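Working notes, beginning with the structure itself.
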Amino acid sequence: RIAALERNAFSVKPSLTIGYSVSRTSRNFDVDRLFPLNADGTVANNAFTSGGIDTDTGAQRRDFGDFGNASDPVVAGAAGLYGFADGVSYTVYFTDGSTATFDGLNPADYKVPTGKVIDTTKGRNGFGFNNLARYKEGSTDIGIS
Amino acid sequence: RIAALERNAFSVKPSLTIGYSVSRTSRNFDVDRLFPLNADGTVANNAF
Amino acid sequence: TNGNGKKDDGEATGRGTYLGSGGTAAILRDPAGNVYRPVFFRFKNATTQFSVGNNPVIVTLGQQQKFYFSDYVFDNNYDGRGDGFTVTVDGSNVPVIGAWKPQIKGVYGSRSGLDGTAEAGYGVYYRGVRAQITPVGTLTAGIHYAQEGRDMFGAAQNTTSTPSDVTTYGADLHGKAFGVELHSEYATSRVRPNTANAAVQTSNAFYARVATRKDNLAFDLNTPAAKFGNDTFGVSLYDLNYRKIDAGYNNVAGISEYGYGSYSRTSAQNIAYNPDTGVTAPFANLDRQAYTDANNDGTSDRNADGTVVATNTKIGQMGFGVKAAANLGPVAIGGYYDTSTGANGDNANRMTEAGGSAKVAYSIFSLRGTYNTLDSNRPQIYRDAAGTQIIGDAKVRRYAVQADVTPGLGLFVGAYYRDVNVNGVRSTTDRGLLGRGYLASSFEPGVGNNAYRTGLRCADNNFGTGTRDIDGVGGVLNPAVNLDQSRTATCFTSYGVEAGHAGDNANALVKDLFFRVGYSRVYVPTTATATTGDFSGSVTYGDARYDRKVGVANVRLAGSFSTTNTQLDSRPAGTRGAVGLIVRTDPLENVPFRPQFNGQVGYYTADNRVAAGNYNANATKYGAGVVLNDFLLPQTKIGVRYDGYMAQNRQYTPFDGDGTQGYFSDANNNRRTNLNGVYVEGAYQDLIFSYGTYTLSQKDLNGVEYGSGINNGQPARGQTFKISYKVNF
Amino acid sequence: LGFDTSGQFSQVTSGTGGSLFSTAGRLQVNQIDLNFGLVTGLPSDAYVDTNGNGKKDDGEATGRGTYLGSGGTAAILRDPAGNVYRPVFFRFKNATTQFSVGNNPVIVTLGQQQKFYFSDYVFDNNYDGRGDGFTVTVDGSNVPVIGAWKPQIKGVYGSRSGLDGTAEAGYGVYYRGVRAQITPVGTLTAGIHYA
């Protein structure tokens, strides 16, 4: 009878997560490229990584920023610090109220305004600026499941 | 093993409420100010 | 909401359908402080096949039936075709005929199950039968029939282009019989391609290959399968085949998911074996490539990078090929042949590759000689002398002699003189042409090692040309990359010598030590394309690697060097050094606190003389760190780690989104990255405090400090503090 | 109908953790005060808090109006055969927000809404709590040389209001402090504190 009871009995598993975390940055660069590589080619473990290991897209922990609660992928060229930080990524305003995002260090080079829209001078000269600082206010969180 | 079963077992508790009630008024006044007051100041229990 | 099983454009965000299930956006609460969450019934069902019957007859019912009669007919595994049933009958116990192991398979199904109109699998049903025996030792002979067609609700209201009916016959003779190993296959297409007048189309696919087939149905051209003698007179056939794949045999003709096309068009292009899509197909349906010239008229269209856009026209395949090797005593010889015409038989698509080699080995000396040809009248896409991709006839004639001596102490020396000759001109490098055939088959150094193994050893006794590395320093701080094993895999008209040493060989001078000093000279034409030229290029390289464990520490030294004068593959011309040290001690159970030290140093220097500058590109990575395993209170651990990475004109390119990863490289960006950082990690019993401060600055030559790109002359900074605690109920 | 649980899930044992190293794990047991179970139907006052404030704002959800058939007489999910269906929710109450580790001299406490009190006029921060963070207390009342004076050291760190939006008084403001006290004579406790 005990076997019949335990055949269709529920194993209840509660899980609790406790943790405090604060992070302040101004560019959200990547730090995983500083840590020693293990003998099997994987970077050593730290408490600051954003993760992101993917074998389908070839992503690695070194391709993503590690500060704030953002995992902003690192940008090549002069937008990012030549593959070391996040891109500048101005924003562009349009007459019809729509907006788009230019990814470059010089907004004058925005060679693709779509045919029917015009840059309304709403930003500095119609070109805004996506803020580069990320912040995670200090807070300890308890997660129950 | 019975203790391990009891550790993560559900106590199923149902409940049933049966009751009939009809009430007719024209002003909806109060009647709790008529009942005797007990020793600690609480109004005596009533069904209304 | 579509049944496709995939998240389409903005379906539900299920957490948004059932508010309170998760996240912070919605939380179903109570004023008293209770929190309510919906309870869902989760289930994963991986079983989709049900089999009935025990020995003789087994009937399988289910979705996405994966079945496989034979290659070129129902290579339908690896996805399955549709929903239905599959009966298998095993007559391995019939009294009179049970030693031949007869087997009868019968498949029926509906393609893709139930699916909407305008999909390829609407109203299409497939049927098939196969009969198999083993009359002799292992030769399975089988005959099969396979039809796939449209019913009355598919002939109309289907669109697509799925043929009205397709009907395939076949026969196969795979197996090993009397020390020989045959592999034959036949087919017949009979496609009725919808439309109105039908005009049934016929296509055949036949081959008779005598070789060794691995269990994954790939062909092993390194095992003889004939072996007409012992180790003193040991003539051994390796392959003898024939091909008659018609032009019209695609994955629709023989009813399969994928395949019947060249796998690479740059590697062996006669073989259609595709491990990616599960296409077992020993021979390919070749195609005729040509210039596009679509929009503008007069010039051939090219992509943005410069590679040519080509138009492909299926031609089929017809030809034979033989590979054998006669193992004598101290000497051994071998040869191969192959001629892949088109199906029609025109010599406008012939690709003939001949060759042969001979190795004489005795004591500690070995001397090889190899001659390789490739006379391809098929177009072929390859770079010309200048460096622009072109499409046209190719004619390569290579010959190389190598001399390897192994003193016995783990040492090895080797001289080589390789001479490539493309289209008459001496061609400083073959442009990948020699790898267009599946029978390359060079020999191997060492005595008692007479194996005629496929693949030209053009990556043997040559230098390295890798300019990409995982870590900031030149791949020398990576304990997973052996720099001394970095070869170029590109055949050169060169000559040179290479000493070396190995540490896994016993009776070595130094136990686990490796180095690869070497010198070589590469032929270059005079100007760009002239026949005249001189062996004026010079490559001088050498790498080293040494682990050891001196005491409690684990040292690891590595180093590299290269002094080329020419653009070899992608490496620019200049001196290139790199040195790396990785120290890793273990806990010291004698000194108090039981510390556990660490360390890492790496220096890299490269003087790139590109066609637009002579810039120096160097980098330096350092790293320390001490972990005290017993700090005052019991179960208290502290740990600190300082890192850092300086770099002149070097850059990092992230992952491309495909399998390719990111890598560091040399650019002419006049910027000096100075990534830094300190990382403190203390731990009480199980409560971990992690503090970390990092700074990134990229000054240009002037010192403008472009980091923190609001352009205020300040480095980018980051800082983090985490208190972590893992609890279990 | 209600499914209550045996309520034997009141302890949590810590686990191994760390990056530069690996702690032993299973070293401290914490008494949690979790009270959970399965309810079938929402109460009258349940609401979907779409803010994070934790209180019912103007027209949030009336949770009975979100999951129709949970309760009340407005919506009755039923069947012609006479069956009545009600969603099954998992209710839980968490009163534990403080986790303390360490045994004799040093106790380190992590949690939300830390309550601490250095002295009147400095950190009279009890009765509500100041913010989210940690608090270390060191009791040196067993050190050989100085154990008759009962020296103690408190240290507090945290972020005000925990995680809060802009225009609130606690956005990006952090507090810290340390106090040291002794009892040289019978009961006189002398303390010095910084905050």
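Placing pseudo-labels 7 Å out from each Cα toward the beta carbon at D:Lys115 and C:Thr223 gives an inter-label distance of 7.7 nm. A simple count of charges around D:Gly63, restricted to other residues whose Cβ falls under 9 Å of its Cβ and scoring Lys, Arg +1 and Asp, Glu -1, yields -1. Decide, for region D:32-80, between rounded, prolate and oblate: order the square roots of the alpha carbon gyration tensor eigenvalues as a ≥ b ≥ c, take rounded if a/c falls under 1.5, and otherwise choose prolate if a/b is larger than b/c, else oblate. The shape class here is oblate. Please identify the chymotrypsin sites (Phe, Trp or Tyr not before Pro) of region A:1-98 that satisfy two criteria: DSSP loop assignment and at most 12 other Cβ atoms within 10 Å. Which are they? Answer in residue order: A:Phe10. Helical runs assigned H by DSSP (4 residues or longer) give chain D a calculated mean residue ellipticity at 222 nm of -500 deg cm²/dmol, each run adding -39500 (n - 2.57) before division by the residue total. Would you mind getting me the FRET efficiency between C:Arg468 and A:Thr91? Use the beta-carbon distance for r and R0 = 22 Å, nearest 0.05. Calculated value: 0.05.
Per residue, chain A reaches -1000 deg cm²/dmol at 222 nm when only DSSP H runs of four or more residues are counted, each adding -39500 (n - 2.57). Modelled label positions at C:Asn614 and C:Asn423, each set 7 Å beyond Cα in the direction of Cβ, lie 3.4 nm from each other. Remark: spin-label model distance C:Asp547-C:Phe153 equals 6.5 nm, labels positioned 7 Å along the Cα→Cβ axis. State whether region C:72-111 is rounded, prolate or oblate according to the following rule on the C-alpha gyration tensor (a ≥ b ≥ c being the square roots of its eigenvalues): a/c under 1.5 gives rounded; otherwise a/b larger than b/c gives prolate, and the remaining case gives oblate. Taking the square roots of the gyration eigenvalues as a ≥ b ≥ c, region C:72-111 is prolate.
Counted without the sites themselves, the longest stretch of chain D free of chymotrypsin sites (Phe, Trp or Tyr not before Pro) in a DSSP loop having at most 14 other beta carbon atoms within 10 Å is D:1-84.
On the basis of the beta-carbon distance and an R0 of 60 Å, C:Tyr169 and C:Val680 show a calculated FRET efficiency of 0.20. Once the trypsin sites (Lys or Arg not before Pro) in DSSP loops with at most 11 neighbouring Cβ atoms within 10 Å are cut out of chain C, the longest remaining piece is C:215-729.
Can you bin chain C into rounded, prolate or oblate? Criterion: square roots of the alpha carbon gyration tensor eigenvalues sorted a ≥ b ≥ c, rounded for a/c under 1.5, prolate for a/b above b/c, oblate for the rest. Note, shape of chain C comes out oblate. Listed by Cβ neighbour count within 10 Å, with the fewest neighbours leading, D:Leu188, D:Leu27 appear as D:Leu188, D:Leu27. The distance separating the Cα centre of region D:108-150 from that of region C:698-729 comes to 33 Å. For chain C, adding -39500 (n - 2.57) for each run of n ≥ 4 DSSP H residues and dividing by the number of residues yields 0 deg cm²/dmol at 222 nm. For the pair region C:310-341 and region D:39-102, the centres of their Cα atoms are 75 angstrom apart. Summing charges over all other residues whose Cβ lies under 15 Å from the Cβ of C:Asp607, with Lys and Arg as +1 and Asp and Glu as -1, gives +3. With neighbour counts taken as other beta-carbon atoms within 10 Å, the residues C:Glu705, C:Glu681, B:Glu6 rank, fewest first, as B:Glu6, C:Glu705, C:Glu681. As a rough footprinting exposure proxy, the listed residues C:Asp301, B:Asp30 were ranked by other beta carbons within 10 Å of their own, and the order from fewest upward is B:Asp30, C:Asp301.
The stretch between C:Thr388 and C:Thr48 holds 117.1 nm of extra length on full extension. This uses 0.36 nm per residue minus the Cα-Cα distance. Toward the positive end of the charge dipole of chain C, with +1 on the Cβ of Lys and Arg and -1 on the Cβ of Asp and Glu, the farthest Cα among C:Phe219, C:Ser262, C:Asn565 is that of C:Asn565. Over region D:71-195, Cα pairs under 8 Å with separation of 6+ residues give a relative contact order of 16 percent.
Using 1/(1 + (r/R0)^6) with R0 = 22 angstrom and r between the beta carbons of D:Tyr174 and D:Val122, what's the FRET efficiency to the nearest 0.05?
0.85
Were the residues from D:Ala148 through D:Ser6 laid out at 0.36 nm apart, the gain over their Cα-Cα distance would be 46.4 nm.
Note: relative contact order over region C:550-622, using C-alpha pairs below 8 Å and six or more positions apart, is 27 percent. In a DSSP loop and with at most 11 other Cβ atoms within 10 Å, the trypsin sites (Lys or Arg not before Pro) in region A:28-132 are A:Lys111, A:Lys116, A:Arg124. Neighbours of D:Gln152, meaning other residues whose beta-carbon lies under 15 angstrom from its beta-carbon, give a summed charge of +2 when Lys and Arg score +1 and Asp and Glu score -1.
Spatial offset of region C:261-278 relative to region A:17-54 amounts to 40 Å, using the alpha carbon center of each.
The slack between C:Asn505 and C:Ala199, meaning 0.36 nm per residue of separation minus the straight C-alpha distance, is 103.4 nm. Based on C-alpha pairs under 8 angstrom that are at least 6 apart in sequence, chain C has a relative contact order of 5 percent. For region C:319-355, the residues whose backbone nitrogen is under 14 Å from a point 7 Å from the Cα of C:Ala208, taken along Cα to Cβ, are C:319-321.
Every number in this text was worked out from the coordinates using simple rules, so none of it is lab data. Cβ: placed from backbone, ideal geometry, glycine included. Neighbour counts: every protein chain shown.
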